[PDB]
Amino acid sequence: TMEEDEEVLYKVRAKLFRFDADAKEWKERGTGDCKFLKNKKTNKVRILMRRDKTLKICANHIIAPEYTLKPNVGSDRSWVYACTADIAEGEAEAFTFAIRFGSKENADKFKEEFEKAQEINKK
């Protein structure tokens, strides 16, 4: 499973989108628990998200300190950001992600946690 050398920092239900710049539209990528996992050895935190029933990975990347969360025009409960190395679907790809939550409260809490975890990887 390759999650035993890791500790869970944050868990929240969410829906993940990837931006198809060609078609200029958001495409769903997965619904499930979004987790912040801090490797106990190297202390770097990653985002790991699995789809609900099949448990396949839809997000797998370090919460790099260079990332910035921006709002999406149509939602007060979502965040948009760019990701240069995500290995959910195999080889490391680049993606513009959007993640939506059940409430603005969960979305603000995620941004708090997302930024706390950035301070961890900046060492």
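The first residue of the sequence shown is number 1, and the count goes up from there.
Mean CA B-factor, 52 to 60 versus 81 to 89: the higher value falls on 81 to 89.
Between 39 to 47 and 23 to 31, the higher mean Cα B-factor belongs to 39 to 47. Ranked by Cα temperature factor within the chain, residue 17 sits in the lowest third according to the deposited record. Residue 11 sits in the middle third of its chain by CA B factor, as recorded in the PDB entry. Sort the chain's modelled residues by C-alpha temperature factor and residue 65 lands in the highest third, per the entry. Residue 100: CA B factor in the lowest third of modelled residues in this chain (values from the PDB entry).
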